[PDB]
Amino acid sequence: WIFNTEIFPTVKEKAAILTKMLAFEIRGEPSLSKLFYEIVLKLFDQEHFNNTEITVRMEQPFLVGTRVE
């Protein structure tokens, strides 16, 4: 949905729960970042154009997502 289209309701709140997704890593839910990665991978993939999926929220968990198992 956040990579769907341009109707655009719920933009920062989609970024907001994305911050909440990382703390499942200390729970051992491996896909939680891995889907968050593969979405952010697909955020990085196929676009390479815009700072959508707001690049503030796109930059910083990309860091800790590199420092993972």
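Readers should treat all values here as calculations from the given coordinates under stated rules, not as data from a laboratory. A quick note on method: Cβ atoms are made from the backbone with ideal geometry, for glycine too, and the neighbour counts reach across all protein chains shown.
How large is the Rg to Rh ratio of the chain when both quantities use alpha carbon positions and Rh follows Kirkwood?
0.96
If you find the alpha carbon centre of the stretch 39-69 and of the stretch 5-20, how far apart are they in angstrom?
Measuring centre to centre over Cα atoms gives 14 Å.
Once a ≥ b ≥ c are taken as the square roots of the eigenvalues of the Cα gyration tensor of the stretch 1-40, is the result rounded (a/c under 1.5), prolate (a/b larger than b/c) or oblate (a/b not larger than b/c)?
Oblate, since a/c reaches 1.5 and b/c is not below a/b.
Provide the net charge surrounding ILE2, with neighbours chosen by a C-beta distance below 11 Å and charges set as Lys +1, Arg +1, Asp -1, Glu -1.
Residues near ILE2 contribute +2 overall.
Could you please report the charge total around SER31, scoring K, R as +1 and D, E as -1 over all other residues with beta-carbon less than 11 angstrom from its beta-carbon?
Spelling it out: positives minus negatives among the neighbours equals -2.
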